[PDB]
Amino acid sequence: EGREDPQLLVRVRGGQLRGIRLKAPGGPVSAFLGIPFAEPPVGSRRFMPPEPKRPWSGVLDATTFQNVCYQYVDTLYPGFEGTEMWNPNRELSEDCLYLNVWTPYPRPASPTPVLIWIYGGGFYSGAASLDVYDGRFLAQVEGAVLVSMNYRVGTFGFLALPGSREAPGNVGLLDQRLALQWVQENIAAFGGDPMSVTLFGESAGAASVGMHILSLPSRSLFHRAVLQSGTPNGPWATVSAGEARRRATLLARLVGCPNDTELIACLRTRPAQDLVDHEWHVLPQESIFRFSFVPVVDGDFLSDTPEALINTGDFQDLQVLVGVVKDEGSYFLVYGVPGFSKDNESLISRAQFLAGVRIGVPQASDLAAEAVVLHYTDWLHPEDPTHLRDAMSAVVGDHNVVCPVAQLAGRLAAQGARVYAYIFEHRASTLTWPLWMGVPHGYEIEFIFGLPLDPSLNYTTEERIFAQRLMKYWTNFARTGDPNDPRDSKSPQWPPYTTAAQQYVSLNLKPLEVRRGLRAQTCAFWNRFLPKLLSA
Amino acid sequence: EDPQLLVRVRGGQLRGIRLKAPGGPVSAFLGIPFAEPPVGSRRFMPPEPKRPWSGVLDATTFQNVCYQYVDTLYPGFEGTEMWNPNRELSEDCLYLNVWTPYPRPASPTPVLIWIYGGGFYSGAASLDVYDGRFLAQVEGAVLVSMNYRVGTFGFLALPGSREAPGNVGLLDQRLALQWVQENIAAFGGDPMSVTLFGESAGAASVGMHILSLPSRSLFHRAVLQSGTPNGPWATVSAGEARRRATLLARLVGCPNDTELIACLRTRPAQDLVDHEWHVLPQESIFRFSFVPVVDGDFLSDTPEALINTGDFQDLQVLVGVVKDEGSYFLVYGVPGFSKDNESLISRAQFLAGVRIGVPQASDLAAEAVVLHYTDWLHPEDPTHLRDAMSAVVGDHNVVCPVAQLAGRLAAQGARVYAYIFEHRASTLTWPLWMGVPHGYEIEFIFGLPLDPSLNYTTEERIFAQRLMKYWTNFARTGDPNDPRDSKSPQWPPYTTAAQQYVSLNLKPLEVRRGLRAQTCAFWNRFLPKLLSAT
Ligand SMILES: COc1ccccc1NC(=S)NCCN(C)C
Ligand SMILES: COc1ccccc1NC(=S)NCCN(C)C
């Protein structure tokens, strides 16, 4: 109002905003960062569902990222880029429910399809402000309207005493839902089309996307979904009400909080850091790829277990894109499996492999664990250290990601959904993790968001072209529900995943290759046999 | 009279017969008695040595076949009839046969002793596929084969009783082995170089002689073709043998052990055979009612226990399998399988078939088998399901037991050689979907393709000669490799480390590693736990 462009001044339901003009390699983009979408969930509102942001007066400055939700900070490899890139990059606070919007500059004069990013982090970490989630490239190159929101993690987002009024659980997912409702009402002010909203997320964010697919009140808030290396089904994304209650009760005892009302009231008096300092002490077994406070089967947000909901759900008018990276498990081994480190080749003995299986499959009986060991052992070389190391990675990746994804894709396809499946096989030339980890969990994200287009990041030219291809796949799917370009038949086609043919594509520097069966043989072990075994 | 055909053994004089092989004559001494006829009160009893005889005993023709069930699945079909008795049935059946080079061997010659198979309920040494003609003529071997009692007559047991102690059919084999030690030198054979070889139940028999101390002094090397003493069909516990014997007695109207066996001895042979199959505890295939029993005597413990703790240092063993061990048995009980159609089966038929092929499996173990063998890219393809049904039966009953035995023998001192036989005879009468069925390597080991009237291909003739050389080289030296040939390539010993075996087909030897390693880990390591826990 005076000297402000004014292509950066926008009004939303809550009031006026002032965004910022950012520089992307190919031109400018508009960014509206740190938009509050909820009342600060602090004090008496800790553990409570979010309340919509009450209107503010004057022009709110939306030129910088807001606080990151309070969370545990990783210190396994202090100062190491491979881990620090995921750590908070803004102040930790319980006052953290803000979202961000990237659009073309000038804003589009025509309703534009919207992408909503939901970050992962095992439901205990993450932030929409991380560099790998920078929406400026998708906004500039593909003309997308990209939105990303913070949501409460850890105890603050998922500590639950099911049935209580003061800690009903799943409030972190309700934070996400409120952001989705904010987009429905307000994204038109930015040139976005609320009738074309695609959710995409990775790890716990993909599991979050799946929970919105499975929760009725969320289905009216989006039209398509992308689940990258994560699912609502599987062994880590949810807990039962009984397990959530015992974990919340134990944590309370561990911070000096011995009726649900009095217990939660006492928890609300504790400092945020006190809860973070003990949240990892409530897991029932020594484990990797397990997180203390995750979505709970409350019979409300989730009317039943994700397994039961995907086994019996109707997904006719639903298009979904799902996939995995080549080495889903390797990242998690250095966080608790003896013998595994980023600083050596991590060749392990057979004994270390058996011990690792008990940690990677913590819920397994002795017989189930033995079944795993026999299945993954190479009986031509049962003691080879290199194969055992790679087998340990496959156990963790198959159990937690690949086979849950394969299960989800199969059920969704059988029950009306249009599914596209991929495996991501390119290892970034810039990767700082060792070679034995291969293509680890989470390292497709930087290519989807188009970071290789930033010339200062020293990616290769082939990786730049590769990123543009993936951006086109993702935005084409967002636009049409089909990753294939409407008129580019020269390039090979990406067929839908079906129960009959089970076709998926490999994403690497070569053109698309069609393959059949997402670890079909191995995932029969995890998804068909092992349930029968454990229940006996 | 021909003096090459006159032989004096400890019992008396024998007269053999000059037979014609493709390349020249051989001396055949057929139907030599090695035991007193196990008839009347000697039914179910251990064998006794044959009493001496006067004059010259005629040994020019095969003797009777031990009384046994006769197959009627495909009447008149060559594929089944080639295994049926080709001489009259009789309980008076304990005779053996000797083939030698004509003239007699000038120096002591290694001896090959054949033990026929047939599920311990059938078989005979007089079958055309066991013709010692060619091995004697071409390789100069002294070949011996004996009849042993089968079915109830050979293995009905009331363990602990005096009148039916069990395993008498194996004692028949052992007595023939003793006869060879005592007499084979009169034929030019070397009793200090005796090699046992057998197929199916015959191979299991060979293995039990390895695991029974009194037998170990009677041979020096062993070949086990598509059979093992360990595994789910070759032995039964004392309690199960007692159950099956008592049930058969009930079915034939009988009636303490003495009184029971006394009434069984009054029954005509066919009465017992008529109810032989009615005592199995489950509907099944590749299961036989009366087999060797873990008596604590002939077998001091289970074959599994004995191979796990035995000392096999100075032992050489040759083992192997055919490409499609299970196909033969499917047409004998599994719905959806016939020699006359391609036997394309549904998935439901596959689950039903698995309960018959793994009769002892719980519902959960059966599910484990189904899920392991299903191709989850084509879970309902009938061709794959049919071939998977054959693989289940073959792996469960032969391939993995063999891999188990080979590993334990190698680990505990034995020199082991392993093979897979992958050639389908041009003359085979079974359908193509059966592949290389159980038992159809034998005609090549014995050298039948060297007979031009049988219309084998000239490549199969050359192939047979190769196999006869492997087997006789192993008999001579404990090593199947030709000590004159140079890297064709070499047949390496099987070891727990490298797990090397060779493919036997029309192409030169190809060394491979791991005998269905992943699948036999399932059968040999996991499934016992799954059942040892229910
Ligand atoms: C954003 O998420 C990821 C990104 C890259 C690799 C792993 C994860 N996933 C988790 S949970 N990272 C936190 C550390 N934990 C393994 C203990
Ligand atoms: C001599 O042995 C064989 C030779 C060829 C194929 C199978 C067998 N084995 C058995 S047991 N044949 C009897 C019939 N059985 C299917 C019940």
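The numbers used for chain B are those of Swiss-Prot, and the residues that appear cover 35-289, 296-574, in sequence.
Method reported for this entry: X-ray crystallography, 2.1 Å.
Each residue, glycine too, has its Cβ placed from N, Cα and C.
Listed in Swiss-Prot for this protein:
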DISULFID  B:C100-B:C127  disulfide bond
ACT_SITE  B:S234  active site, acyl-ester intermediate
DISULFID  B:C288-B:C303  disulfide bond
CARBOHYD  B:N296  N-linked glycosylation site
ACT_SITE  B:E365  active site, charge relay system
CARBOHYD  B:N381  N-linked glycosylation site
DISULFID  B:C440-B:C560  disulfide bond
ACT_SITE  B:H478  active site, charge relay system
CARBOHYD  B:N495  N-linked glycosylation site
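Mapped onto this structure are the features recorded in Swiss-Prot.
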| residue | record | CB count, 10 Å |
| --- | --- | --- |
| B:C100 | disulfide bond | 29 |
| B:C127 | disulfide bond | 28 |
| B:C288 | disulfide bond | 17 |
| B:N296 | N-linked glycosylation site | 9 |
| B:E365 | active site, charge relay system | 27 |
| B:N381 | N-linked glycosylation site | 10 |
| B:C440 | disulfide bond | 27 |
| B:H478 | active site, charge relay system | 25 |
| B:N495 | N-linked glycosylation site | 10 |
| B:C560 | disulfide bond | 21 |
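Where the chain is interrupted between B:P289 and B:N296, 6 residues are left out of the deposited model, and the two C-alpha atoms stand 10 angstrom apart. DSSP assigns the residue listed as 'active site, acyl-ester intermediate' to coil, not to a helix or a strand. When the Cα of B:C560 (disulfide bond) is compared against those of the recorded positions B:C100, B:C127, B:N296, B:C303, the shortest separation belongs to B:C100. Shown in sequence order, B:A283, B:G287, B:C288, B:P289 are the residues of the chain, 6+ apart in sequence, with a C-beta less than 8 angstroms from the C-beta of B:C303 (disulfide bond).
Filtering B:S234, B:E365, B:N381, B:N495 by Cβ distance to ligand 2 (under 6 A) retains the following recorded positions: B:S234.
Around the Cβ of B:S234 (active site, acyl-ester intermediate), the same chain contributes B:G151, B:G152, B:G153, B:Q259, B:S260, B:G261, B:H478, B:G479, each under 8 angstroms and 6 or more positions distant in sequence. The distance from the Cα of B:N296 (N-linked glycosylation site) to the Cα of B:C440 (disulfide bond) comes to 40 Å. DSSP assigns B:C100 (disulfide bond) to a strand. Cα of B:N381 (N-linked glycosylation site) to Cα of B:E365 (active site, charge relay system): a span of 19 Å. B:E365 (active site, charge relay system) sits 11 Å from B:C440 (disulfide bond), taking the CA atoms of both as reference points.
Each residue contributes its Cα atom, and for B:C440 (disulfide bond) and B:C100 (disulfide bond) those atoms are 31 Å apart. The secondary structure of B:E365 (active site, charge relay system), as reduced to three states from DSSP, is coil rather than helix or strand.
In this structure, the CA atom of B:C100 (disulfide bond) is 31 Å away from the CA atom of B:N495 (N-linked glycosylation site). Here the C-alpha separation of B:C127 (disulfide bond) and B:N495 (N-linked glycosylation site) works out to 33 Å.
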